[PDB]
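Some notes on the structure that comes next.
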Amino acid sequence: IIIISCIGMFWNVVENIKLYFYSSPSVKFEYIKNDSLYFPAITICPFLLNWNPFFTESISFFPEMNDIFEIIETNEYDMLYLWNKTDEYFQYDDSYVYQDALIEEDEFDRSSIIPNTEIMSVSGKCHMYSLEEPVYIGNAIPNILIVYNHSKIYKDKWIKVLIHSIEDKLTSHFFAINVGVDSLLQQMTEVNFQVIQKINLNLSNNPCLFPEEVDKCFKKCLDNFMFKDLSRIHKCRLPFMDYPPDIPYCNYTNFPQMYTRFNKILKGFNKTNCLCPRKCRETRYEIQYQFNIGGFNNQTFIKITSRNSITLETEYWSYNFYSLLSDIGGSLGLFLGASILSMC
Amino acid sequence: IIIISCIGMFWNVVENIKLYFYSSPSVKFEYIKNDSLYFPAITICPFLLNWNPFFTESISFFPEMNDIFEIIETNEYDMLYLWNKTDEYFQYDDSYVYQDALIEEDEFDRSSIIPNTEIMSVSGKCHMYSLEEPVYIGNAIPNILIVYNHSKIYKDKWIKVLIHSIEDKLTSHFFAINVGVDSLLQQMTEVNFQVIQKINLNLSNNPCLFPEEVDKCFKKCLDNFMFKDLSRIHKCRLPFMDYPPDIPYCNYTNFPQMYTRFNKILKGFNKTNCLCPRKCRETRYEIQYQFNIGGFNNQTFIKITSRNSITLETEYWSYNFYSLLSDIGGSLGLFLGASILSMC
Amino acid sequence: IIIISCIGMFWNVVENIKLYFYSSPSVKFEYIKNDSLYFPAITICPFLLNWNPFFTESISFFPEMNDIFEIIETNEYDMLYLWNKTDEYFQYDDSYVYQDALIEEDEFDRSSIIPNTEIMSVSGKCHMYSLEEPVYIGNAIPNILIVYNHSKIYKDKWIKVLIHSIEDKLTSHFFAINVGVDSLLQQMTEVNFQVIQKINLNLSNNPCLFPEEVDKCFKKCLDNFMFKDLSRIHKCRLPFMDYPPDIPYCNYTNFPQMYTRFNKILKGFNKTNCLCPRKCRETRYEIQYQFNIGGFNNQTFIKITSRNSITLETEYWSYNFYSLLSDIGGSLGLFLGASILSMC
Numbered sequence: 046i047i048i049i050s051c052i053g054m055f056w057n058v059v060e061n062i063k064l065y066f067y068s069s070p071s072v073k074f075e076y077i078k079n080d081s082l083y084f085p086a087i088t089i090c091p092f093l094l095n096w097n098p099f100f101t102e103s104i105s106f107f108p109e110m111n112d113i114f115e116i117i118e119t120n121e122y123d124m125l126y127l128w129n130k131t132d133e134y135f136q137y138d139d140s141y142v143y144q145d146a147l148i149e150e151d152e153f154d155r156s157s158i159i160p161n162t163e164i165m166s167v168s169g170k171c172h173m174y175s176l177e178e179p180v181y182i183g184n185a186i187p188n189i190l191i192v193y194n195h196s197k198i199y200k201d202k203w204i205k206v207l208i209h210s211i212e213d214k215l216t217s218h219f220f221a222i223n224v225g226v227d228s229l230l231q232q233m234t235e236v237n238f239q240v241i242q243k244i245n246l247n248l249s250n251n252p253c254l255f256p257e258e259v260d261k262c263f264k265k266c267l268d269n270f271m272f273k274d275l276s277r278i279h280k281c282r283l284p285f286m287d288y289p290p291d292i293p294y295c296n297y298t299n300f301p302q303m304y305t306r307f308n309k310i311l312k313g314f315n316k317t318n319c320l321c322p323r324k325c326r327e328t329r330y331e332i333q334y335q336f337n338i339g340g341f342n343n344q345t346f347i348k349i350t351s352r353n354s355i356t357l358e359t360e361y362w363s364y365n366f367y368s369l370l371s372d373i374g375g376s377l378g379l380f381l382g383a384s385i386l387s388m389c
Numbered sequence: 046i047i048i049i050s051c052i053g054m055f056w057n058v059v060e061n062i063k064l065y066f067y068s069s070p071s072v073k074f075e076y077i078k079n080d081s082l083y084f085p086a087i088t089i090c091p092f093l094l095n096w097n098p099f100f101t102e103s104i105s106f107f108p109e110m111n112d113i114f115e116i117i118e119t120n121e122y123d124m125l126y127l128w129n130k131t132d133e134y135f136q137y138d139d140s141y142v143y144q145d146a147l148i149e150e151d152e153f154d155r156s157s158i159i160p161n162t163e164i165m166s167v168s169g170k171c172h173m174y175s176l177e178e179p180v181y182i183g184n185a186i187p188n189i190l191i192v193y194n195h196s197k198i199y200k201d202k203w204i205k206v207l208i209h210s211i212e213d214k215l216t217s218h219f220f221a222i223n224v225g226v227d228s229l230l231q232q233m234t235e236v237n238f239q240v241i242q243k244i245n246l247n248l249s250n251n252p253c254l255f256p257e258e259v260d261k262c263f264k265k266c267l268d269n270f271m272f273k274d275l276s277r278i279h280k281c282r283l284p285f286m287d288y289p290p291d292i293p294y295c296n297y298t299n300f301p302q303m304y305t306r307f308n309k310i311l312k313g314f315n316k317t318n319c320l321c322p323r324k325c326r327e328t329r330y331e332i333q334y335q336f337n338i339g340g341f342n343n344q345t346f347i348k349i350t351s352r353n354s355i356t357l358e359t360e361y362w363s364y365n366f367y368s369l370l371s372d373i374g375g376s377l378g379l380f381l382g383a384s385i386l387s388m389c
Numbered sequence: 046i047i048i049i050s051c052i053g054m055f056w057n058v059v060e061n062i063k064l065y066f067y068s069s070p071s072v073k074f075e076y077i078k079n080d081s082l083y084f085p086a087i088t089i090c091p092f093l094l095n096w097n098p099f100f101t102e103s104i105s106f107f108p109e110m111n112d113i114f115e116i117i118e119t120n121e122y123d124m125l126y127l128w129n130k131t132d133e134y135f136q137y138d139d140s141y142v143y144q145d146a147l148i149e150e151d152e153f154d155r156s157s158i159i160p161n162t163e164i165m166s167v168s169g170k171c172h173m174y175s176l177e178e179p180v181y182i183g184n185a186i187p188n189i190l191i192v193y194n195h196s197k198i199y200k201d202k203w204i205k206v207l208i209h210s211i212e213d214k215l216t217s218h219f220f221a222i223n224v225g226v227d228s229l230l231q232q233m234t235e236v237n238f239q240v241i242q243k244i245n246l247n248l249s250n251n252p253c254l255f256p257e258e259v260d261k262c263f264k265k266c267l268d269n270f271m272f273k274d275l276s277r278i279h280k281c282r283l284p285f286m287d288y289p290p291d292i293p294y295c296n297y298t299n300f301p302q303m304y305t306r307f308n309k310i311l312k313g314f315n316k317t318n319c320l321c322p323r324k325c326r327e328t329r330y331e332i333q334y335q336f337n338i339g340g341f342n343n344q345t346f347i348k349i350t351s352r353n354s355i356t357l358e359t360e361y362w363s364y365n366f367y368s369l370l371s372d373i374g375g376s377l378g379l380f381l382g383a384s385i386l387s388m389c
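Note that the protein sequences, when read in sequence, are chains B, C and A.
Taking the deposited numbering, I'd label the letters of the first sequence as residues 46 to 389.
Taking the deposited numbering, I'd label the letters of the second sequence as residues 46 to 389.
Taking the deposited numbering, I'd label the letters of the third sequence as residues 46 to 389.
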């Protein structure tokens, strides 16, 4: 009985030390109403290069991608001139954060944003709008309004509004075509998003990093993963990649093949292969819903809002050291009635 | 060893008693499918007093707020007559709870609601629709349909549909302008909401109260906080405040200044300053999404629904007294092998 | 003191054994981003039999249900011919899973779905679209596009898009009228859904079963519950029930009464009465939101997507046996300083 109880004592002490150290961190889920919220960055990108009004409008038919490649081969474009000419069809006119009050704000309360306007992305030149300090959410979530002007009354012309975190401004626009929201030109749209905060625990085996460093790691991995295949193909870089700095930009002769490859490459690109550390404090913004207000307009109004609360996922340890010791003592006091003093 | 083990025993017993008493209550998160759900109250409010068709229609230009103030100064309106005249442009015709069945319900199954119609809010006179007993959600969530009639074929005229809890019917319409959903006149709209229940634990330091008392506390605090600034300005009360009962209603001369102040006052009003107790059983209704059905109509149809499940956040204590005693006993049996009997 | 401490020891040991065995399983809530997701089945069903263009179009007025019953009595329809003729007004033309890439997919990358097209449901003949293996969600959620062709330019004609799990393909279409989403004919629609996975624990008292068996149990219970009332009424089966296999299908004389009864029967049908076991691994798909793209079209495009992450609810036991033993030992070591050895 002393021998069986001692094999038991030792085993119940193993199980405890297991559940303390070798156990996954538990997760606390909350639906919080934060009085101040960090608004997302909004990247406005041009739609597929087969639909850019710089190509579509001139020619007669509705271009396809191969027709666009032939056009780029005929008129011999610098691929950087071609990237510059794409953004011309929204022509940002005004963007401001404003509140929905009982006396409509008029150019004095609304805070004016200045987009980046020089982002290079898979579809052309994109504009990023962002805020530097959080807005007050106590009464309601303020509205961002991006206004775009056009020259002609465009029909069936689209852009992409991608809502992301400013801490992911280096590797977010590339997926705007698939993760973005289609916005019709000359038509007011409302994109109500939802915020998902996740506080991860820094672990020795899996140490989380600041969002800046995780974004840099993802950007570097994306650049190497693009350049490997694009050097396999023709050994040049497209206008939307900055990594091989010496390696020259592609020309019109090589751009079609590279773009056709890169589309397929990006279709299956998976972030799991890019082994980068997690984020200790990560904020994501999902699209809660999209609404269309009114009919045709002479300006494209893009309204970004949230009608929802923040979803908080905090990682915490349910087992403390002071409970591990108590459980080991309980095992000792059940199986053998032992103690520190006793053993000693 | 006896002295170091005793300083240890005592410290492991402190940590335990800490984690039991001096610890935050843990939260259980569920996505429940309640067979019966309390439908929210729906407050239909007029849009900004610069857009009310009682002002906009008569004059030539599109009024601004200062033009409205000048008009209120010219035609000398009783501010209570002016609040009465605002609601005239939706003219409730019918509202009923109906189910989406395979044989459409026709005036015999649908339950008829009678709105309040006499709410006073920052924008004018508002109508509250509510249900007295829960509907059955077993098969699907029934639909509330509010029908509004108008005189002229109004163009670019809007109202505000605010979805709230009946237990918050005293301090909810005031924020309808910012927390509401814009509904276009003479156009069917669908406002699908989501329900967030949160069961808080009554704590000695932070004792929760019934939703009625929390709503009364918030109403009282809002009334005092409005009246302080509005007595600073001109020492009168607007048509949408009931608190200083003797204090006379404002007239046309003083209404412009008071309203202009009150807009700014409400822009930054924060409920944290209003220290009121939490709610033991609080139910919130967020807007899941908004859809537009059809084009122009001779009646404004507002459809309120839910296509989602309820989000339950229950506060509970993960540590019980019978586990505190066990952990203290384990600490005693590890560090010193002590016990009640022993010590005694 | 020995007697009071022993009544205490025994009681603290009861409380522990209670909280271990006789306690509800705890729930872990996560917002996961699964690299591969099982897309839902999409059931396209005709709208109410009073609005089917097979009836509405021929006659002059807008039929009501009683007018449809009179028509079914006049022209003497086989109720199976009548169920066949209803589906003719969407005429599936193409359905495929495609990704939103920077070079639009054209009939080579998109995977072609073949709907079931022979489902019998309360409203007529329905088409189920489904996928056999999960799609990759690493970069974005691919889009399902269902294309429908029509003969005439239909006005105010609707269908129902119900998003459900393939493991619930036997008892899901029946509620499509109430749980479905109204889609307007000849008009592109986007139905963005959200996924709710729930991993239940198999319990002796409440043993969960595979989704196939739970779906079969629900189908059987629905069939018996329909047939009981429908044999009370006229002792025949409607075209959308397969259970009493010998019992003949209803004819035009009896169909009106049976359908009128069955509508009311289905209005209050509750699954709680149908005592079937839970699902160990259940996946639900709720409608996140619905968007309308463009205006009139010659084809009905139904786009099914998700812009969101999966909501995971995993049931797990917070108390392990190796912690129960430790707590019992701690209770023994606190109240009496006992142990296995001691007692023995």
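Backbone N, C-alpha and C define an ideal beta-carbon position, used for all residues, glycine too.
Run down chain A in chain order and give the residues with a C-beta less than 7 Å from the C-beta of residue i.
i, result
"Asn194 of chain C", "Within chain A, no residue comes near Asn194 of chain C; the closest Cβ sits about 21 Å away, beyond 7 Å."
Below 8 Å CB to CB, which residues in the same chain sit around residue i once its five sequence neighbours on both sides are set aside?
i, result
"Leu267 of chain A", "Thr216, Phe219, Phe314, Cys319"
"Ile113 of chain A", "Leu94, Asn95, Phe100"
What residues of chain B sit near residue i, judged by a beta carbon separation below 7 Å?
i, result
"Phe336 of chain A", "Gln335"
"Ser387 of chain A", "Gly382"
Output, in chain order, the set of chain C residues within a Cβ distance shorter than 8 Å of residue i.
i, result
"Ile208 of chain B", "Chain C residues near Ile208 of chain B: none, gap ~15 Å exceeds 8 Å."
Going by the beta-carbon positions, is the gap between residue i and residue j smaller than 8 Å?
i, j, result
"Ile338 of chain C", "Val206 of chain C", "no"
"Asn97 of chain A", "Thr131 of chain A", "yes"
"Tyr294 of chain A", "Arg282 of chain A", "yes"
"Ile208 of chain A", "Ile77 of chain A", "no"
"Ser81 of chain C", "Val236 of chain C", "no"
"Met233 of chain A", "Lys73 of chain A", "no"
"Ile117 of chain C", "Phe300 of chain C", "yes"
"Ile198 of chain B", "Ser228 of chain B", "no"
Residues of chain A with CB under 9 Å from residue i, in chain order?
i, result
"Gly378 of chain C", "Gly374, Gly375, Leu377, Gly378, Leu379, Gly382, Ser384"
Using only the heavy atoms of the ligand GDP, determine whether one of them is closer than 7 Å to the beta carbon of residue i.
i, result
"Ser351 of chain A", "In the structure shown, the ligand GDP is absent, as is every other ligand, since no ligand is present at all."
Looking only at its chain, what residues have a beta carbon closer than 6 Å to the beta carbon of residue i, apart from the 5 residues adjacent to it on each side?
i, result
"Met110 of chain A", "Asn95"
Going along chain C, which residues have a C-beta under 9 Å from residue i?
i, result
"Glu60 of chain A", "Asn365, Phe366, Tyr367, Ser368, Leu370, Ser371"
How would you list, in chain order, the residues of chain B whose beta-carbon sits under 9 Å from the beta-carbon of residue i?
i, result
"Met271 of chain C", "The contacting residues do not exist; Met271 of chain C stays about 13 Å from chain B at best."
| task | Determine which residues of the stretch 348-371 of chain A have a Cβ less than 7 Å from any Cβ of chain C, and write them out in chain order. | result | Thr356, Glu358, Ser371
| said: Any C-beta of chain C within less than 8 Å: which residues of the stretch 160-189 of chain A qualify? | reply: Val167, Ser168
| query | Any chance the stretch 232-247 of chain A sits against the stretch 357-376 of chain A, with 3 or more Cβ pairs inside 8 Å? | reply | yes
| Near-chain A residues of the stretch 124-157 of chain B (beta-carbon distance less than 8 Å), N- to C-terminal order | none
| task | Scan the stretch 66-90 of chain A for residues whose Cβ lies nearer than 8 Å to a Cβ of chain B and list them as they occur along the chain. | result | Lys73, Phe74, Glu75, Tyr76, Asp80
| field | Interfacial residues, the stretch 309-333 of chain A to chain B, with Cβ spacing under 8 Å | value | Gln333
| task | Take every Cβ of the stretch 364-377 of chain C, pair it with every Cβ of the stretch 358-377 of chain B, and state whether three or more of those distances are shorter than 8 Å. | result | yes
| said: By the 7 Å beta-carbon criterion, what residues does the stretch 215-226 of chain B contribute toward chain A? | reply: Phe220, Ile222, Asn223, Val224
| the stretch 305-313 of chain C contacting the stretch 269-288 of chain C, beta-carbon criterion three pairs below 8 Å | yes
| query | Counting Cβ pairs, one atom from each stretch, are 3 or more of them under 8 Å apart for the stretch 178-198 of chain B and the stretch 137-145 of chain B? | reply | yes
| said: Closer than 8 Å is the cut-off here; do at least three beta carbon pairs connect the stretch 321-329 of chain C with the stretch 245-258 of chain C? | reply: yes
| Are at least three pairs of beta-carbons, each pair with one atom in the stretch 378-388 of chain B and one in the stretch 376-385 of chain A, less than 8 Å apart? | yes
| request: Closer than 7 Å, Cβ to Cβ, to anything on chain B: give me those residues from the stretch 225-253 of chain C, in chain order. | output: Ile241
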